[PDB]
Amino acid sequence: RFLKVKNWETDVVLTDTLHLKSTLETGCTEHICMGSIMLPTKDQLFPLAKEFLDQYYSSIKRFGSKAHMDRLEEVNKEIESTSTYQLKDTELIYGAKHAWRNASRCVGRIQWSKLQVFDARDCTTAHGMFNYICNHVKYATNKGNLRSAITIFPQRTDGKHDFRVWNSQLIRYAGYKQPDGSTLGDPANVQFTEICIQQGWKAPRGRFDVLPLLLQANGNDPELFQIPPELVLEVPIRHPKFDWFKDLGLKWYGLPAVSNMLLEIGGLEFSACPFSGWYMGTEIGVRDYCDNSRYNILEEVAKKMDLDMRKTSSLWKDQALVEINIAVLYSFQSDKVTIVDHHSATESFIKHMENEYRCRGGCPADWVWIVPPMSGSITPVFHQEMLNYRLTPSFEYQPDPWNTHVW
Amino acid sequence: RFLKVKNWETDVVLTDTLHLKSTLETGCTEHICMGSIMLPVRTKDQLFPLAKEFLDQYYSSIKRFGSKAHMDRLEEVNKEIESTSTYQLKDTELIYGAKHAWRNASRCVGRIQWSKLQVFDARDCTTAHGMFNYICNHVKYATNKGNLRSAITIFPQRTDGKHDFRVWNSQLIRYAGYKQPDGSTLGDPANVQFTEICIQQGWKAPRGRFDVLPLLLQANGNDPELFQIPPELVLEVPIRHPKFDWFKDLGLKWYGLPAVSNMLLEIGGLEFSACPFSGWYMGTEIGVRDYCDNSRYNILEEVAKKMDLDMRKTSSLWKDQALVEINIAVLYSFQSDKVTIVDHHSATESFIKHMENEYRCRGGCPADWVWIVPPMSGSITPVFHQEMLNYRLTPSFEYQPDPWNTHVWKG
Ligand code: HEM
Ligand code: HEM
Ligand SMILES: Cc1cc(N)nc(CCc2cc(F)cc(CC[C@@H]3C[C@H](F)CN3C)c2)c1
Ligand SMILES: Cc1cc(N)nc(CCc2cc(F)cc(CC[C@@H]3C[C@H](F)CN3C)c2)c1
Ligand SMILES: C[C@H](O)[C@H](O)[C@H]1CNc2nc(N)[nH]c(=O)c2N1
Ligand SMILES: C[C@H](O)[C@H](O)[C@H]1CNc2nc(N)[nH]c(=O)c2N1
Ligand SMILES: [Zn+2]
């Protein structure tokens, strides 16, 4: 019950005890493992707050102090009267850093403690949300020297006054279904690109059209805002060996900024909490460009390479996939925009695991998501056993707003 | 209670009811998932329910559930257990059980072929020489001059655990590995410990980089004995590359027949501790793992050197570049010598068809995503985007401890 994880490339064995702190459920049972499934009142609130505050005052080596019990009583009092409570700034920063730290699917967690936390709990309107988000984008982009950041909008009250960012990421390319057949732009964003136009957006109907922001303050109807183009750093995609690569007309944005998740701290639900870091190269080159349900450019790259596309066993998809991902890294590095290759990021994560087992006793990790989508077994995480369990504070998925919002 | 899995590339959703017939445990709990963990003595008490459960399955599949043949076989198995503490499978039951052990192997991407297994009954075998003969015949049959055929050979079942039949090799055909005094390894680093046992048991090692290991065979619980597989039975493919003429000068070769020999087959509560089985290779087993794992032949360096890649920073993806060429070479060499092989795109697409068929005619298909997804180019194969439910059905193939750790030595 004090479990161990073996690395099969190095025979290193770590002993996990943090998992016994786990609270939420995995979706698995003793009879079935769901490890590859994408998505599985006053009374409940105070224990949630007590648990959070308890781990908070332990982190500052003040467990069982006057300040501890005072804050416990203080929050206890506020919950009994107000039926919720407000986090101290110090608790808010800690809660957010640990939500990232606890994100078992995230390979970039070695950087968890350097997060820049922007308190936007004083926000009241979508224009205000826009302003906070513009400031976030500029701070995080930092002229290509990217910096991690989260901006936290007011917490849920009764579920009728929810703050929500309707975009899945702050920066995303539009996608338009075609009269003849398939999709122009990004197919993953077709419904959202629809709802923007269907809410008022004027689409330039290109391939790499930056979507507008669709912001919902206090449960009101959402509003469209265009992010100033000078704040959207983009990288033209070229190849260091293939001069015809520019001709493909590819580019990507520099800032990955997830905006549709829910941040849970001490029982409190922050439904609008956009956070950003920097890209791992394969997120763009393997998934964004080469997924069949996305930009799906493999055929054309292989064609331009004059590879034998007659049989799958010539490995022409594999050959193109590598070249595409070399170009993405070359392009970002050339333009001095932060990016990490999957070899560096997974090595970093092994070192982060070793740190967490050492200074914390564990590290929840989701192998299905930590292993990169290309060249999996030549990366050290492939041979690393990992235990997956849910700690809190946490980032959680939430329903898409348009399915919910009393419009 | 029904369960759904979604393919996120195609939005195809499937409904699993077969997980209801799940008996064994996964290792997971509601509070921890052990999905990435590699590998996480039976009395008459619990044996008849395990037999009854198996025989119910067997007669259901031949559409004879509740027949007189079914009830008489239950009763005959009953008395045989209480009188002898074990029981013997009929030939039909052995074939059914072993095919279904393969069918239930949740980590096996090649299961579309499960119904075509050739089953060799070796339950009359009694000595290590008899085992060697059966194994030679298996290799000849399965190799079929390069037109590989799946097969399994089944030696006598466990009795009191003190008389096990075991094949001490992890695979019937494997290359030796030799630890040098300077710290380096010659041959296959994965086989250094087994190679040392063989040398201790009297094997004269040629000490090359591709020495076929001898068979080390244990019958009825006696000390194991050494036999050399006749070289003309061991089909090997020199590896060359279709564009790189220098690739042949690396001196690489691999054997054609993948044949796992250290697993336990469980049917109706009976334990078959020696059940070597064989199929054909997916190219990545050789080109990604066998050659490019840091803990195997690890040729990425020299291939990248001969390709004159930018090897300084990892962000040039020279490692990913060399891996693809090596895997082109393995596929080209096998197809050119007409030795059966399947690429990882074909195999995973076939498996998706298999799985959808299993959901439709069987109510599910237990699948271990961590093992099904190929070790290169994961997300450009259809299994990456496929949700999968993992659970344990019997008959099954199980891991067992290495025999040199448990065996009581006669001398
Ligand atoms: C700074 C560099 C970062 C890198 C390289 C990185 C990388 C990744 C990758 C590759 C994934 C896999 C998901 C996918 O493939 O779409 C992921 C998931 C995730 N990341 Fe990180 N990330 C970074 C920063 C952050 C930050 C700053 C946060 C939060 C403050 C965060 C939170 C998460 C969460 C919650 C998930 C899981 C989503 C889920 O459960 O499905 N990441 N990350
Ligand atoms: C016919 C072509 C076959 C192919 C291409 C194939 C391929 C594979 C692959 C790639 C794996 C993953 C394990 C690894 O990478 O080391 C695997 C596992 C497995 N295969 Fe298949 N296989 C084939 C035939 C068979 C046969 C004939 C059997 C048994 C009769 C079998 C039983 C298994 C089992 C039990 C596992 C699970 C290993 C474990 O639990 O660790 N396979 N196979
Ligand atoms: C901050 C950051 C840094 C970085 N390097 N990368 C990212 C993007 C990774 C990601 C994180 C997340 F918290 C949720 C999603 C949504 C995943 C989507 C949603 C759907 F369910 C299937 N996935 C395609 C994606 C973010
Ligand atoms: C029949 C067949 C066809 C095919 N195409 N391939 C294989 C080999 C794959 C494999 C299958 C198996 F049933 C057990 C193992 C044992 C796993 C060992 C242990 C360690 F993890 C490294 N593996 C080599 C490996 C077999
Ligand atoms: C830690 C991890 O479970 C281990 O490295 C597994 C992962 N998936 C695998 N998948 C296959 N096909 N073969 C393997 O050896 C492994 N190794
Ligand atoms: C079905 C499967 O769970 C799904 O395709 C997952 C697999 N692993 C993943 N891993 C990462 N990093 N990102 C993903 O979107 C997915 N998708
Ligand atoms: Zn699980």
# chains A, B, ... in the order shown; residues from 1 in each chain; ligands from 1
>>> residues_near_ligand(ligand="ligand 3", cutoff="7 Å", atoms="only C-alpha atoms and all ligand atoms", output="VMD selection string")
chain A and resid 38 108 256 to 258 261 275 to 280
>>> select_by_dssp(residues="range 83-146 of chain A", states="strand (DSSP E or B)", output="PyMOL selection string")
chain A and resi 116-119
>>> interface_residues(of="chain B", to="chain A", cutoff="6 Å", atoms="only C-alpha atoms", output="number ranges by chain")
B: 9, 25-37, 315, 343, 375-379, 387-391
>>> closest_atom_pairs(of="range 365-402 of chain A", to="range 84-105 of chain A", cutoff="6 Å", atoms="only C-alpha atoms", output="Markdown table")
| residue | atom | partner | partner_atom | distance |
| --- | --- | --- | --- | --- |
| A:365 | CA | A:104 | CA | 4.1 |
| A:366 | CA | A:105 | CA | 5.1 |
| A:369 | CA | A:105 | CA | 5.4 |
| A:370 | CA | A:105 | CA | 5.9 |
| A:391 | CA | A:102 | CA | 5.9 |
| A:393 | CA | A:99 | CA | 4.7 |
| A:394 | CA | A:99 | CA | 4.1 |
| A:395 | CA | A:99 | CA | 5.9 |
>>> write_last_selection(atoms="C-alpha atoms", output="PDB file, in the first residue's frame")
ATOM      1  CA  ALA A 365       1.215  10.880 -13.801  1.00  0.00           C
ATOM      2  CA  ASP A 366      -0.923   9.710 -16.732  1.00  0.00           C
ATOM      3  CA  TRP A 369      -0.853  11.484 -21.955  1.00  0.00           C
ATOM      4  CA  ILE A 370       2.771  11.936 -20.807  1.00  0.00           C
ATOM      5  CA  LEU A 391      -5.003  15.282  -5.953  1.00  0.00           C
ATOM      6  CA  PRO A 393      -6.260  21.561  -5.894  1.00  0.00           C
ATOM      7  CA  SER A 394      -6.911  20.580  -9.500  1.00  0.00           C
ATOM      8  CA  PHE A 395      -7.877  21.584 -13.015  1.00  0.00           C
TER       9      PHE A 395
END
>>> residues_around(residues="range 103-117 of chain B", least_positions_apart="2", cutoff="10 Å", atoms="only C-alpha atoms", output="VMD selection string")
chain B and resid 95 to 101 119 to 120 149 to 152 277 to 282 342 344 347 to 355 357 to 358 365 to 374 383 388 to 398
>>> closest_residue(among="B:217, B:74, B:329, B:259", to="ligand 2", atoms="only C-alpha atoms and all ligand atoms")
B:259
>>> atom_distance(atom1="CA of residue 156 in chain A", atom2="CA of residue 265 in chain A")
11.8 Å
>>> select_by_dssp(residues="range 102-316 of chain A", states="helix (DSSP H, G or I)", output="PyMOL selection string")
chain A and resi 109-114+126-144+187-197+229-231+243-248+281-290+298-304+312-314+316
>>> decode(residues="range 192-242 of chain A", atoms="N, CA and C atoms", output="compact mmCIF listing (two decimals), in the first residue's frame")
# COMPACT_ATOMS: atom_id res chain seq x y z
N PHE A 192 -17.06 26.18 -33.11
CA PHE A 192 -16.81 27.45 -32.44
C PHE A 192 -16.72 28.59 -33.45
N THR A 193 -16.01 28.36 -34.56
CA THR A 193 -15.99 29.35 -35.63
C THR A 193 -17.40 29.64 -36.13
N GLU A 194 -18.28 28.64 -36.10
CA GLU A 194 -19.69 28.86 -36.43
C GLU A 194 -20.34 29.79 -35.41
N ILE A 195 -20.24 29.44 -34.12
CA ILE A 195 -20.94 30.19 -33.08
C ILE A 195 -20.48 31.64 -33.03
N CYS A 196 -19.23 31.92 -33.41
CA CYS A 196 -18.76 33.31 -33.50
C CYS A 196 -19.52 34.08 -34.57
N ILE A 197 -19.49 33.57 -35.81
CA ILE A 197 -20.28 34.17 -36.88
C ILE A 197 -21.75 34.19 -36.48
N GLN A 198 -22.25 33.05 -35.98
CA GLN A 198 -23.61 32.92 -35.50
C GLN A 198 -23.91 33.84 -34.32
N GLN A 199 -22.89 34.45 -33.73
CA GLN A 199 -23.07 35.49 -32.72
C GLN A 199 -22.65 36.87 -33.22
N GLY A 200 -22.06 36.97 -34.41
CA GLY A 200 -21.79 38.27 -34.99
C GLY A 200 -20.44 38.46 -35.66
N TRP A 201 -19.53 37.49 -35.52
CA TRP A 201 -18.18 37.65 -36.05
C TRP A 201 -18.18 37.74 -37.57
N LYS A 202 -17.28 38.57 -38.09
CA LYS A 202 -17.05 38.69 -39.53
C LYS A 202 -15.79 37.92 -39.88
N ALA A 203 -15.96 36.77 -40.48
CA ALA A 203 -14.86 35.85 -40.74
C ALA A 203 -14.10 36.26 -41.99
N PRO A 204 -12.78 36.46 -41.91
CA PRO A 204 -12.00 36.70 -43.14
C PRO A 204 -11.89 35.48 -44.03
N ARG A 205 -12.39 34.33 -43.57
CA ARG A 205 -12.43 33.08 -44.32
C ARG A 205 -11.10 32.77 -45.00
N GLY A 206 -10.02 32.91 -44.23
CA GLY A 206 -8.73 32.36 -44.60
C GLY A 206 -8.47 31.05 -43.89
N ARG A 207 -7.21 30.62 -43.95
CA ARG A 207 -6.82 29.37 -43.31
C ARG A 207 -6.38 29.60 -41.87
N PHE A 208 -5.55 30.62 -41.64
CA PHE A 208 -5.03 30.90 -40.31
C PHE A 208 -5.63 32.19 -39.76
N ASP A 209 -6.95 32.19 -39.58
CA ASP A 209 -7.67 33.32 -39.03
C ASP A 209 -7.74 33.18 -37.52
N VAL A 210 -7.09 34.10 -36.80
CA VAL A 210 -7.17 34.09 -35.34
C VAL A 210 -8.61 34.35 -34.92
N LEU A 211 -9.17 33.45 -34.13
CA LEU A 211 -10.54 33.59 -33.68
C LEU A 211 -10.66 34.78 -32.71
N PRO A 212 -11.83 35.41 -32.64
CA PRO A 212 -12.06 36.44 -31.62
C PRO A 212 -12.30 35.79 -30.27
N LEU A 213 -12.23 36.60 -29.22
CA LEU A 213 -12.58 36.13 -27.88
C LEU A 213 -14.08 36.28 -27.66
N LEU A 214 -14.65 35.33 -26.92
CA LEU A 214 -16.09 35.26 -26.65
C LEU A 214 -16.23 35.13 -25.14
N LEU A 215 -16.47 36.24 -24.46
CA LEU A 215 -16.30 36.32 -23.02
C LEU A 215 -17.65 36.48 -22.34
N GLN A 216 -17.83 35.75 -21.24
CA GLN A 216 -19.08 35.71 -20.49
C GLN A 216 -18.80 36.12 -19.05
N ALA A 217 -19.23 37.33 -18.68
CA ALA A 217 -19.11 37.80 -17.31
C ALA A 217 -20.42 37.62 -16.57
N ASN A 218 -20.33 37.10 -15.35
CA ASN A 218 -21.47 37.00 -14.43
C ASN A 218 -22.69 36.36 -15.08
N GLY A 219 -22.45 35.35 -15.92
CA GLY A 219 -23.56 34.65 -16.53
C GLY A 219 -24.36 35.43 -17.55
N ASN A 220 -23.87 36.58 -18.00
CA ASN A 220 -24.56 37.29 -19.06
C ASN A 220 -24.27 36.64 -20.41
N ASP A 221 -24.95 37.11 -21.45
CA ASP A 221 -24.65 36.66 -22.80
C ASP A 221 -23.20 37.00 -23.14
N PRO A 222 -22.48 36.14 -23.85
CA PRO A 222 -21.07 36.42 -24.15
C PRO A 222 -20.93 37.50 -25.21
N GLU A 223 -19.74 38.12 -25.24
CA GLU A 223 -19.43 39.20 -26.15
C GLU A 223 -18.15 38.91 -26.92
N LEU A 224 -18.12 39.32 -28.18
CA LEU A 224 -16.96 39.13 -29.05
C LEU A 224 -15.95 40.27 -28.89
N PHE A 225 -14.68 39.90 -28.79
CA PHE A 225 -13.57 40.85 -28.79
C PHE A 225 -12.45 40.31 -29.65
N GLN A 226 -11.86 41.16 -30.49
CA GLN A 226 -10.68 40.78 -31.26
C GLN A 226 -9.41 41.09 -30.47
N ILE A 227 -8.58 40.08 -30.25
CA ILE A 227 -7.27 40.29 -29.62
C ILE A 227 -6.41 41.14 -30.55
N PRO A 228 -5.79 42.21 -30.06
CA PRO A 228 -4.94 43.04 -30.93
C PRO A 228 -3.87 42.20 -31.62
N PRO A 229 -3.78 42.27 -32.95
CA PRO A 229 -2.84 41.38 -33.67
C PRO A 229 -1.41 41.50 -33.18
N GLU A 230 -1.00 42.70 -32.76
CA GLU A 230 0.35 42.91 -32.25
C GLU A 230 0.61 42.13 -30.97
N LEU A 231 -0.42 41.58 -30.33
CA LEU A 231 -0.25 40.75 -29.15
C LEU A 231 -0.20 39.26 -29.48
N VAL A 232 -0.53 38.88 -30.71
CA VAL A 232 -0.55 37.48 -31.16
C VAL A 232 0.76 37.20 -31.88
N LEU A 233 1.72 36.62 -31.17
CA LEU A 233 2.99 36.25 -31.77
C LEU A 233 2.82 34.97 -32.59
N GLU A 234 3.24 35.00 -33.86
CA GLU A 234 3.08 33.88 -34.77
C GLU A 234 4.41 33.54 -35.44
N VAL A 235 4.59 32.26 -35.77
CA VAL A 235 5.84 31.81 -36.36
C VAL A 235 5.60 31.24 -37.75
N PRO A 236 6.13 31.86 -38.81
CA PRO A 236 6.06 31.23 -40.13
C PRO A 236 6.89 29.95 -40.13
N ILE A 237 6.32 28.90 -40.71
CA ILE A 237 6.91 27.57 -40.61
C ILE A 237 7.69 27.28 -41.88
N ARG A 238 9.01 27.17 -41.73
CA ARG A 238 9.91 26.80 -42.80
C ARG A 238 10.81 25.66 -42.33
N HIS A 239 11.52 25.05 -43.27
CA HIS A 239 12.36 23.90 -42.98
C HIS A 239 13.83 24.25 -43.20
N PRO A 240 14.74 23.78 -42.34
CA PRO A 240 16.15 24.15 -42.49
C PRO A 240 16.83 23.52 -43.70
N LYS A 241 16.27 22.47 -44.30
CA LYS A 241 16.84 21.84 -45.48
C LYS A 241 16.00 22.00 -46.73
N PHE A 242 14.68 22.05 -46.60
CA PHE A 242 13.76 22.02 -47.74
C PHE A 242 13.25 23.44 -47.97
